[PDB]
Structures are given as C-alpha cells and as structure tokens.
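Below is one structure, written out as structure tokens; comments come after it.
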Amino acid sequence: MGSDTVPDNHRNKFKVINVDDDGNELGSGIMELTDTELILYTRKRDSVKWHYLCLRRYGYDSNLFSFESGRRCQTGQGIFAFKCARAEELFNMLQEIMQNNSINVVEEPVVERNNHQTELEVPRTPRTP
Amino acid sequence: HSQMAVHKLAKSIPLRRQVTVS
C-alpha cells in the first residue's frame, strides 16, 4: 500500500465491451484512465494500456467508446470499438486529461458558420454566352 | 495479438463527434 499519506480514492475506469469489426461484442474489459495511462483491463490478466495520448484519433457515439492508436503493441494497429454506458465520462474526462498536458486532440466539428476556410476559385470571370 | 481485449476495426464508425487525438 505505502505509508506516506497516500489516498486510494482515485480510480476512474469504465466497463467497456471489446467489440470486433462487425460489432457483436467479444467479452468485456475495464477501461482505465489513470493519471497517465489508458489501461484497458481484460481477461483479468491482459492489460491493453497505452500512453494516453499515444492514440491517433479518438471518438464516441452516444454510448460507444471509439479510440484509435498508431502502431505500437498490445493488440496492434487499427481502430478500436467499445460499447459502454459511461462513454461520456471516458470521453469528457480524456478531453480534460488532454488539456492538462496540452495533448493533441484536433477537434473537427466545432459548429461553424457560413465558411471559415477558403477554396481556389475567386476572382471569377464572365463567360459571355 | 497477445489476447488483449480491444479488438481491431480497421474502419471508421458512425461517430457523433470528431476529436482526432494524435
């Protein structure tokens, strides 16, 4: 345990289901977002733990934990799909965990208006039909 | 594979958001 005035109330995981390509659920693991690690408990033995920001692009759909990490190890390279009810917690948290370490979370949808970027077209010219 | 849980998708999914964390 450790005798140095160290509390235990600091565990935030999420029972996420490990789904395959199709998405018919495989088993069920505990997604953990420690102070510096995405430890995805599974089979009470295998721990798919990344370095948090070691990912590449992470998303979620209502109650679906989606996270993709570049080539490294554990399971391999590719996108990951998970089914949980605390999808919000995990995401929301992560989004915060990133701001704490200035981590990269290039967010695309941010409700725009009219058009921020510009494409090659102007100036225009009359064709004269 | 090392067993693990997090399966592989190798294909995007109908997500509601879009935050690509490098």
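For the structure tokens, the naming scheme is as follows: chains receive sequential letters (A, B, ...) according to their order of presentation, residues are indexed from 1 within each chain, and ligands are indexed from 1 in presentation order.
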### Task
Using only C-alpha atoms, determine which residues lie at most 12 Å from residue 15 (chain B), disregarding the query and same-chain residues fewer than 2 positions distant; provide the list as a list in words.
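The contact residues come out as residues 57, 58, 59, 60, 61, 62, 63, 64, 65, 66, 67, 81, 82, 87 and 109 of chain A; 11, 12, 13, 17, 18, 19 and 20 of chain B.
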### Query
chain A residues within 7 Å of chain B, counting only C-alpha atoms: which ones, as a PyMOL selection string?
chain A and resi 18-21+29+42+46-48+53-61+74-76+78-81+104-109
### Residues of chain A in alpha helix (DSSP H), written as a PyMOL selection string
chain A and resi 87-100
### Query
Could you state the separation of CA of residue 84 (chain A) and CA of residue 31 (chain A) in Å, given to one decimal place?
9.7 Å
#### Entry: Length of the CA of residue 7 (chain A) to CA of residue 102 (chain A) vector [Å]
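Interatomic distance here is 26.4 Å.
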### Distance of CA of residue 71 (chain A) from CA of residue 49 (chain A), expressed in Å to one decimal place
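Separation between CA of residue 49 (chain A) and CA of residue 71 (chain A): 13.5 Å.
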